[PDB]
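Okay, final.csv now, which holds CSV, C-alpha atoms and all ligand atoms:
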```csv
chain,number,residue,atom,x,y,z
A,1,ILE,CA,-31.9,0.0,-41.9
A,2,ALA,CA,-32.3,3.8,-41.7
A,3,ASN,CA,-32.7,7.1,-43.6
A,4,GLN,CA,-29.3,8.8,-43.3
A,5,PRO,CA,-26.4,8.3,-40.9
A,6,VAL,CA,-25.2,11.3,-38.7
A,7,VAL,CA,-21.3,11.9,-38.6
A,8,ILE,CA,-20.1,13.3,-35.2
A,9,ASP,CA,-16.3,14.3,-35.1
A,10,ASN,CA,-15.4,14.1,-31.3
A,11,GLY,CA,-12.8,16.9,-31.6
A,12,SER,CA,-11.0,18.2,-28.4
A,13,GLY,CA,-11.6,21.9,-29.3
A,14,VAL,CA,-14.9,22.0,-31.3
A,15,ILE,CA,-17.5,19.2,-32.0
A,16,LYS,CA,-18.5,19.0,-35.8
A,17,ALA,CA,-21.9,17.4,-36.5
A,18,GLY,CA,-23.8,16.8,-39.8
A,19,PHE,CA,-25.4,14.2,-42.1
A,20,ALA,CA,-23.5,11.9,-44.6
A,21,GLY,CA,-23.6,13.7,-48.0
A,22,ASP,CA,-23.3,17.2,-46.5
A,23,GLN,CA,-20.4,19.3,-48.0
A,24,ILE,CA,-19.6,21.0,-44.6
A,25,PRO,CA,-20.6,20.2,-40.9
A,26,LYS,CA,-23.9,22.2,-40.4
A,27,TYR,CA,-23.4,22.4,-36.5
A,28,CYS,CA,-20.0,23.1,-35.0
A,29,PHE,CA,-19.8,24.2,-31.3
A,30,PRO,CA,-16.9,24.2,-28.6
A,31,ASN,CA,-16.4,21.0,-26.6
A,32,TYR,CA,-16.8,22.4,-23.1
A,33,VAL,CA,-19.6,22.8,-20.5
A,34,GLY,CA,-20.3,26.3,-19.0
A,35,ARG,CA,-22.0,26.6,-15.5
A,36,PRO,CA,-23.1,29.9,-14.0
A,37,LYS,CA,-20.7,31.0,-11.1
A,38,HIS,CA,-22.8,34.0,-9.9
A,39,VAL,CA,-26.1,33.7,-7.8
A,40,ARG,CA,-29.6,34.2,-9.3
A,41,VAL,CA,-31.5,36.9,-7.2
A,42,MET,CA,-34.1,38.3,-9.7
A,43,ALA,CA,-37.0,36.3,-11.4
A,44,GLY,CA,-37.1,36.0,-15.3
A,45,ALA,CA,-33.3,35.4,-15.3
A,46,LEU,CA,-31.4,32.9,-17.5
A,47,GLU,CA,-32.9,29.4,-16.7
A,48,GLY,CA,-30.7,26.3,-16.4
A,49,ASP,CA,-27.3,25.5,-14.7
A,50,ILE,CA,-25.9,24.1,-18.0
A,51,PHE,CA,-25.0,26.2,-21.1
A,52,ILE,CA,-23.4,24.6,-24.3
A,53,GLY,CA,-22.3,26.2,-27.7
A,54,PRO,CA,-23.7,29.6,-28.8
A,55,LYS,CA,-25.6,30.2,-25.5
A,56,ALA,CA,-22.3,29.8,-23.6
A,57,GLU,CA,-20.4,32.0,-26.2
A,58,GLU,CA,-22.9,34.9,-25.7
A,59,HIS,CA,-23.0,34.8,-21.8
A,60,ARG,CA,-19.4,33.5,-21.4
A,61,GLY,CA,-18.6,36.0,-18.5
A,62,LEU,CA,-21.4,34.4,-16.3
A,63,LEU,CA,-20.2,30.8,-16.9
A,64,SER,CA,-17.3,28.7,-15.5
A,65,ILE,CA,-15.8,26.6,-18.4
A,66,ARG,CA,-14.7,23.0,-17.8
A,67,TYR,CA,-13.4,20.7,-20.7
A,68,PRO,CA,-14.5,17.1,-20.1
A,69,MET,CA,-11.8,15.6,-22.5
A,70,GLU,CA,-8.0,16.3,-22.3
A,71,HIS,CA,-5.5,15.0,-24.9
A,72,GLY,CA,-8.4,12.9,-26.5
A,73,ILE,CA,-9.1,11.2,-23.1
A,74,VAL,CA,-12.6,11.7,-21.4
A,75,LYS,CA,-12.0,12.4,-17.7
A,76,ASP,CA,-15.7,13.3,-16.9
A,77,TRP,CA,-18.2,11.0,-18.8
A,78,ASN,CA,-21.3,12.7,-17.2
A,79,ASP,CA,-20.4,16.0,-19.0
A,80,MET,CA,-19.4,14.2,-22.2
A,81,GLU,CA,-22.7,12.3,-22.3
A,82,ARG,CA,-24.7,15.5,-21.7
A,83,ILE,CA,-22.8,17.1,-24.7
A,84,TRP,CA,-23.8,14.2,-27.0
A,85,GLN,CA,-27.4,14.7,-25.6
A,86,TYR,CA,-27.1,18.4,-26.8
A,87,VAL,CA,-26.0,17.1,-30.3
A,88,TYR,CA,-29.6,15.8,-30.7
A,89,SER,CA,-31.2,18.9,-29.1
A,90,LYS,CA,-33.5,21.5,-30.9
A,91,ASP,CA,-30.4,23.7,-31.5
A,92,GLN,CA,-28.2,21.1,-33.4
A,93,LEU,CA,-29.6,18.6,-36.0
A,94,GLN,CA,-32.9,18.2,-34.1
A,95,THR,CA,-33.5,14.4,-34.8
A,96,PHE,CA,-34.1,11.1,-32.8
A,97,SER,CA,-30.8,9.3,-31.8
A,98,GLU,CA,-32.6,5.8,-32.1
A,99,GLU,CA,-33.7,6.7,-35.8
A,100,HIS,CA,-30.2,7.6,-37.3
A,101,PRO,CA,-26.9,5.6,-37.1
A,102,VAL,CA,-23.8,7.4,-35.8
A,103,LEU,CA,-20.1,7.5,-37.1
A,104,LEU,CA,-17.6,8.7,-34.4
A,105,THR,CA,-13.9,9.7,-35.2
A,106,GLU,CA,-11.5,8.9,-32.3
A,107,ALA,CA,-7.7,9.8,-32.0
A,108,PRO,CA,-5.1,7.0,-32.7
A,109,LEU,CA,-3.5,4.9,-29.9
A,110,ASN,CA,-6.4,5.6,-27.5
A,111,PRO,CA,-7.2,3.1,-24.6
A,112,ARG,CA,-9.8,0.3,-25.5
A,113,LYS,CA,-11.8,1.2,-22.3
A,114,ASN,CA,-12.7,4.6,-23.9
A,115,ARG,CA,-14.2,2.9,-27.0
A,116,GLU,CA,-16.0,0.3,-24.8
A,117,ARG,CA,-17.6,3.1,-22.5
A,118,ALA,CA,-18.3,5.3,-25.6
A,119,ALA,CA,-20.2,2.4,-27.3
A,120,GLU,CA,-22.2,1.6,-24.1
A,121,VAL,CA,-23.6,5.3,-24.0
A,122,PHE,CA,-24.8,5.3,-27.7
A,123,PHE,CA,-26.4,1.8,-27.5
A,124,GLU,CA,-27.8,2.1,-23.9
A,125,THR,CA,-28.6,5.9,-23.4
A,126,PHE,CA,-29.3,6.7,-27.1
A,127,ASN,CA,-30.4,3.2,-28.5
A,128,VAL,CA,-28.6,4.0,-31.9
A,129,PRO,CA,-29.3,1.6,-34.8
A,130,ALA,CA,-25.5,1.2,-35.6
A,131,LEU,CA,-22.2,2.7,-34.4
A,132,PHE,CA,-18.9,2.8,-36.5
A,133,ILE,CA,-15.7,4.2,-34.8
A,134,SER,CA,-13.1,5.5,-37.4
A,135,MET,CA,-9.5,6.8,-37.2
A,136,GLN,CA,-8.8,10.6,-37.7
A,137,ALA,CA,-5.8,9.9,-40.1
A,138,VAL,CA,-7.6,7.5,-42.6
A,139,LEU,CA,-10.6,9.8,-43.0
A,140,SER,CA,-8.3,12.9,-43.7
A,141,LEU,CA,-6.8,11.1,-46.7
A,142,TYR,CA,-10.3,9.9,-48.0
A,143,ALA,CA,-11.3,13.6,-48.0
A,144,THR,CA,-8.0,14.6,-49.8
A,145,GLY,CA,-8.5,11.7,-52.2
A,146,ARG,CA,-5.1,9.9,-51.7
A,147,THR,CA,-5.0,6.1,-50.6
A,148,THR,CA,-1.3,6.3,-49.6
A,149,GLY,CA,0.2,9.2,-47.6
A,150,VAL,CA,1.5,10.4,-44.1
A,151,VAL,CA,-1.1,12.5,-42.2
A,152,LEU,CA,0.5,15.1,-39.8
A,153,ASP,CA,-2.6,16.0,-37.7
A,154,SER,CA,-1.8,18.6,-35.1
A,155,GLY,CA,-5.1,18.9,-33.1
A,156,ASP,CA,-6.2,21.0,-30.1
A,157,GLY,CA,-5.7,17.9,-27.7
A,158,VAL,CA,-2.9,15.8,-29.3
A,159,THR,CA,-0.5,15.9,-32.4
A,160,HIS,CA,0.2,12.6,-34.3
A,161,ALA,CA,1.6,11.5,-37.7
A,162,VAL,CA,0.2,8.2,-39.2
A,163,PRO,CA,1.8,6.7,-42.3
A,164,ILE,CA,-1.0,5.0,-44.3
A,165,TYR,CA,-0.5,2.6,-47.3
A,166,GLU,CA,-3.6,1.8,-49.6
A,167,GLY,CA,-5.9,3.0,-46.8
A,168,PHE,CA,-4.1,0.8,-44.2
A,169,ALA,CA,-2.4,2.6,-41.2
A,170,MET,CA,1.0,1.1,-40.1
A,171,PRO,CA,0.5,0.6,-36.4
A,172,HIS,CA,4.3,0.5,-35.7
A,173,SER,CA,5.2,3.8,-37.4
A,174,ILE,CA,2.5,5.9,-35.7
A,175,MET,CA,4.0,8.8,-33.5
A,176,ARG,CA,1.8,10.8,-31.1
A,177,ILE,CA,2.9,13.6,-28.7
A,178,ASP,CA,0.7,15.2,-25.9
A,179,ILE,CA,1.8,18.8,-26.9
A,180,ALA,CA,-1.1,20.4,-28.9
A,181,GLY,CA,-3.0,23.8,-29.5
A,182,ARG,CA,-4.1,24.0,-25.8
I,1,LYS,CA,49.6,-14.6,-58.2
I,2,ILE,CA,47.1,-13.9,-61.0
I,3,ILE,CA,45.4,-17.2,-60.2
I,4,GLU,CA,45.5,-16.4,-56.4
I,5,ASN,CA,43.8,-13.0,-56.9
I,6,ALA,CA,41.2,-14.2,-59.4
I,7,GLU,CA,40.1,-17.3,-57.3
I,8,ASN,CA,40.1,-15.1,-54.1
I,9,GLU,CA,37.7,-12.5,-55.7
I,10,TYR,CA,35.6,-15.4,-57.1
I,11,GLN,CA,35.1,-17.1,-53.7
I,12,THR,CA,34.6,-13.7,-52.0
I,13,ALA,CA,31.9,-12.8,-54.5
I,14,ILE,CA,30.1,-16.1,-53.8
I,15,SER,CA,30.2,-15.3,-50.1
I,16,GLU,CA,28.8,-11.8,-50.8
I,17,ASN,CA,26.0,-13.3,-53.0
I,18,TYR,CA,24.7,-15.4,-50.1
I,19,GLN,CA,24.2,-12.2,-48.0
I,20,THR,CA,22.9,-10.4,-51.1
I,21,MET,CA,20.3,-13.1,-52.0
I,22,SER,CA,18.8,-13.1,-48.4
I,23,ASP,CA,18.3,-9.3,-48.6
I,24,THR,CA,17.3,-8.9,-52.3
I,25,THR,CA,16.5,-11.8,-54.6
I,26,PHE,CA,15.2,-14.3,-52.0
I,27,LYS,CA,13.0,-11.6,-50.2
I,28,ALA,CA,12.0,-10.1,-53.6
I,29,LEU,CA,10.3,-13.4,-54.6
I,30,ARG,CA,8.5,-13.7,-51.2
I,31,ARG,CA,8.6,-11.1,-48.5
I,32,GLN,CA,8.9,-12.1,-44.8
I,33,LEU,CA,6.1,-9.6,-44.2
I,34,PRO,CA,3.9,-7.2,-46.3
I,35,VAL,CA,5.2,-3.5,-46.7
I,36,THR,CA,3.1,-2.7,-43.6
I,37,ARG,CA,5.4,-5.0,-41.5
I,38,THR,CA,2.4,-6.8,-40.0
I,39,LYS,CA,1.0,-10.4,-40.4
I,40,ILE,CA,-2.2,-10.7,-42.4
I,41,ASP,CA,-5.3,-10.6,-40.3
I,42,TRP,CA,-7.5,-13.2,-42.2
I,43,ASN,CA,-10.7,-12.1,-40.4
I,44,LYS,CA,-10.1,-8.4,-41.2
I,45,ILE,CA,-9.3,-9.2,-44.9
I,46,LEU,CA,-12.6,-11.0,-45.4
I,47,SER,CA,-14.6,-7.9,-44.3
I,48,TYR,CA,-11.9,-5.3,-45.2
I,49,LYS,CA,-11.5,-6.3,-48.9
I,50,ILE,CA,-15.1,-5.0,-49.5
I,51,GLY,CA,-14.5,-1.8,-47.5
I,52,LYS,CA,-11.0,-1.0,-49.1
I,53,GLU,CA,-12.3,-1.5,-52.7
I,54,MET,CA,-15.0,1.2,-52.3
I,55,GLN,CA,-12.8,3.5,-49.9
I,56,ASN,CA,-9.8,3.4,-52.3
I,57,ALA,CA,-11.9,4.1,-55.4
A,201,LIG,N1,-6.4,30.4,-37.2
A,201,LIG,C1,-5.8,29.6,-36.3
A,201,LIG,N2,-4.5,29.7,-36.1
A,201,LIG,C2,-3.9,28.9,-35.2
A,201,LIG,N3,-4.4,27.9,-34.4
A,201,LIG,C3,-5.7,27.8,-34.7
A,201,LIG,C4,-6.5,28.6,-35.5
A,201,LIG,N4,-7.8,28.2,-35.5
A,201,LIG,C5,-7.8,27.2,-34.6
A,201,LIG,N5,-6.6,26.9,-34.1
A,201,LIG,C6,-6.3,25.9,-33.0
A,201,LIG,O1,-6.8,24.7,-33.5
A,201,LIG,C7,-7.7,24.2,-32.5
A,201,LIG,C8,-8.8,23.5,-33.3
A,201,LIG,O2,-8.5,22.1,-33.5
A,201,LIG,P1,-9.7,21.0,-33.7
A,201,LIG,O3,-10.5,21.5,-34.8
A,201,LIG,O4,-10.3,20.8,-32.4
A,201,LIG,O5,-8.9,19.7,-34.1
A,201,LIG,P2,-9.3,18.1,-33.8
A,201,LIG,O6,-10.8,18.1,-33.7
A,201,LIG,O7,-8.9,17.3,-35.0
A,201,LIG,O8,-8.6,17.7,-32.6
A,201,LIG,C9,-8.2,25.4,-31.7
A,201,LIG,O9,-8.6,25.0,-30.4
A,201,LIG,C10,-6.9,26.2,-31.7
A,201,LIG,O10,-6.0,25.8,-30.6
```

Show how you would write the structure in this file as structure tokens.
Amino acid sequence: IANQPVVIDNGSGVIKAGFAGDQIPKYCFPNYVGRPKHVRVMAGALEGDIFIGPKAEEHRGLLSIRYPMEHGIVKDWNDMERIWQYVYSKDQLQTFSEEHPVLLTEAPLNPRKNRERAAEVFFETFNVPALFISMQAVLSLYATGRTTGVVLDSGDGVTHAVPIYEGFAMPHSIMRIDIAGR
Amino acid sequence: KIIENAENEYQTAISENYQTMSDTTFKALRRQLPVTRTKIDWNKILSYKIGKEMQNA
């Protein structure tokens, strides 16, 4: 039992975070970690070796950008976990991860090992009350308000088309290609 | 010759009906699989029925 679940869309390009009932995601930031390349010589300089979201957008020239997730597959989990730690920081949402349940939206036809490792982080590191993983395609139709329909979702990481009948995705007709916005 | 043609068409049509029934009438009464081309997941239906009634409303 909890107050209000937090929806977190794990997009390849930008992470969209907000509470269930909200019309728009209140907190949207790019899904990459920026580390300062240049050496600190003077005191009272920018503190920290990690910059995420608007702090990395303002001082972009200083930072080296590394994306932890490519084609919806997390290559570096240390960076991905730190970004989910930033989701609960004072900048975005500013709430306790143990207090609110989480809804994550993963790409279709992903490996099972990703969902298994993703689940471990939010139950071990963040001690979340409850976790629900959802498909990108099924949610897109719920928003539009159609139970049956083909979702041609061309994302930053991957492009895929899922034919869905009465809210059920046909696992044999799903077609995904690595070519995307990036 | 009229008998020959008429009885040949009649037997031919019965042979066509056997193929037709398999694809239309026989499948129309009971499908081999649902429109999704998957077997029913009985554990998923017990929990999904509740989820799909509110998600499809
Ligand atoms: N105005 C635009 N015109 C064309 N491409 C755009 C535009 N805005 C964003 N994009 C592309 O779409 C990407 C955003 O996709 P994203 O929201 O991450 O999708 P998902 O989270 O579903 O994978 C950007 O990284 C960029 O490549």

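A distance search around ligand LIG 201 (chain A) (9 Å at most, all atoms listed in the file) returns the following protein and nucleic acid residues: residues 9, 10, 11, 12, 13, 14, 15, 16, 30, 31, 71, 72, 107, 136, 153, 154, 155, 156, 157, 158, 159, 180, 181 and 182 of chain A.
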
With all atoms listed in the file as the counted atoms, please give the residues lying no more than 9 Å from residue I:55, apart from itself and same-chain residues fewer than 2 positions off, as a PDB file with C-alpha atoms, in the frame of the given file.
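Produced file selection.pdb, reproduced below:
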```
ATOM      1  CA  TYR A 142     -10.300   9.900 -48.000  1.00  0.00           C
ATOM      2  CA  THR A 147      -5.000   6.100 -50.600  1.00  0.00           C
ATOM      3  CA  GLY A 167      -5.900   3.000 -46.800  1.00  0.00           C
TER       4      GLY A 167
ATOM      5  CA  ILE I  50     -15.100  -5.000 -49.500  1.00  0.00           C
ATOM      6  CA  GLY I  51     -14.500  -1.800 -47.500  1.00  0.00           C
ATOM      7  CA  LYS I  52     -11.000  -1.000 -49.100  1.00  0.00           C
ATOM      8  CA  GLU I  53     -12.300  -1.500 -52.700  1.00  0.00           C
ATOM      9  CA  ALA I  57     -11.900   4.100 -55.400  1.00  0.00           C
TER      10      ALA I  57
END
```

- Item | Selection near stretch 122-127 of chain A, 10 Å with only C-alpha atoms, sequence-local residues under 5 positions removed, as a PyMOL selection string | chain A and resi 81+84-85+88+96-102+117

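Residues in contact with stretch 38-47 of chain I at 10 Å, where only C-alpha atoms are counted and same-chain residues fewer than 6 positions away are skipped, are listed as residues 170, 171 and 172 of chain A; 32 of chain I.
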
Near chain I, 12 Å: chain A residue rows, closest pairs, all atoms listed in the file, as CSV:
```
residue,atom,partner,partner_atom,distance
A:138,CA,I:55,CA,9.8
A:139,CA,I:55,CA,9.6
A:141,CA,I:56,CA,10.0
A:142,CA,I:55,CA,7.1
A:143,CA,I:55,CA,10.4
A:144,CA,I:56,CA,11.6
A:145,CA,I:56,CA,8.4
A:146,CA,I:56,CA,8.0
A:147,CA,I:56,CA,5.8
A:148,CA,I:56,CA,9.4
A:163,CA,I:36,CA,9.6
A:164,CA,I:36,CA,8.8
A:165,CA,I:36,CA,7.4
A:166,CA,I:56,CA,6.9
A:167,CA,I:56,CA,6.8
A:168,CA,I:36,CA,8.0
A:169,CA,I:36,CA,8.0
A:170,CA,I:36,CA,5.6
A:171,CA,I:36,CA,8.3
A:172,CA,I:37,CA,8.1
A:173,CA,I:36,CA,9.2
A:174,CA,I:36,CA,11.7
```

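Between atom CA of residue A:37 and atom CA of residue A:66 the interatomic distance comes to 12.0 Å.
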
Completion of stretch 39-50 of chain I up to N, CA, C and O atoms, as a short mmCIF file (atom, residue, chain, number, x, y, z; two decimals), in the coordinates of the input:
```
data_model
loop_
_atom_site.label_atom_id
_atom_site.label_comp_id
_atom_site.auth_asym_id
_atom_site.auth_seq_id
_atom_site.Cartn_x
_atom_site.Cartn_y
_atom_site.Cartn_z
N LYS I 39 1.60 -9.16 -39.82
CA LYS I 39 1.00 -10.40 -40.40
C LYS I 39 -0.40 -10.10 -40.85
O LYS I 39 -1.07 -9.20 -40.36
N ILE I 40 -0.83 -10.87 -41.85
CA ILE I 40 -2.20 -10.70 -42.40
C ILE I 40 -3.21 -11.17 -41.40
O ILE I 40 -3.12 -12.26 -40.84
N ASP I 41 -4.20 -10.31 -41.18
CA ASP I 41 -5.30 -10.60 -40.30
C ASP I 41 -6.48 -11.14 -41.20
O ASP I 41 -7.21 -10.39 -41.84
N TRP I 42 -6.58 -12.47 -41.25
CA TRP I 42 -7.50 -13.20 -42.20
C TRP I 42 -8.95 -12.80 -41.93
O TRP I 42 -9.70 -12.68 -42.91
N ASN I 43 -9.37 -12.54 -40.68
CA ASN I 43 -10.70 -12.10 -40.40
C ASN I 43 -11.01 -10.71 -40.87
O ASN I 43 -12.04 -10.44 -41.48
N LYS I 44 -10.03 -9.81 -40.70
CA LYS I 44 -10.10 -8.40 -41.20
C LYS I 44 -10.11 -8.37 -42.72
O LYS I 44 -10.85 -7.57 -43.29
N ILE I 45 -9.33 -9.22 -43.40
CA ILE I 45 -9.30 -9.20 -44.90
C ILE I 45 -10.64 -9.57 -45.49
O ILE I 45 -11.07 -8.91 -46.43
N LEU I 46 -11.33 -10.58 -44.93
CA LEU I 46 -12.60 -11.00 -45.40
C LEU I 46 -13.65 -9.85 -45.43
O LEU I 46 -14.29 -9.61 -46.45
N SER I 47 -13.73 -9.08 -44.34
CA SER I 47 -14.60 -7.90 -44.30
C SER I 47 -13.88 -6.64 -44.91
O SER I 47 -14.55 -5.85 -45.56
N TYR I 48 -12.56 -6.47 -44.75
CA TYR I 48 -11.90 -5.30 -45.20
C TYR I 48 -11.82 -5.17 -46.75
O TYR I 48 -11.97 -4.08 -47.30
N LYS I 49 -11.63 -6.31 -47.43
CA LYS I 49 -11.50 -6.30 -48.90
C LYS I 49 -12.66 -5.55 -49.54
O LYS I 49 -12.40 -4.69 -50.37
N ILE I 50 -13.89 -5.77 -49.07
CA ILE I 50 -15.10 -5.00 -49.50
C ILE I 50 -14.97 -3.55 -49.16
O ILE I 50 -15.17 -2.70 -50.02
#
```
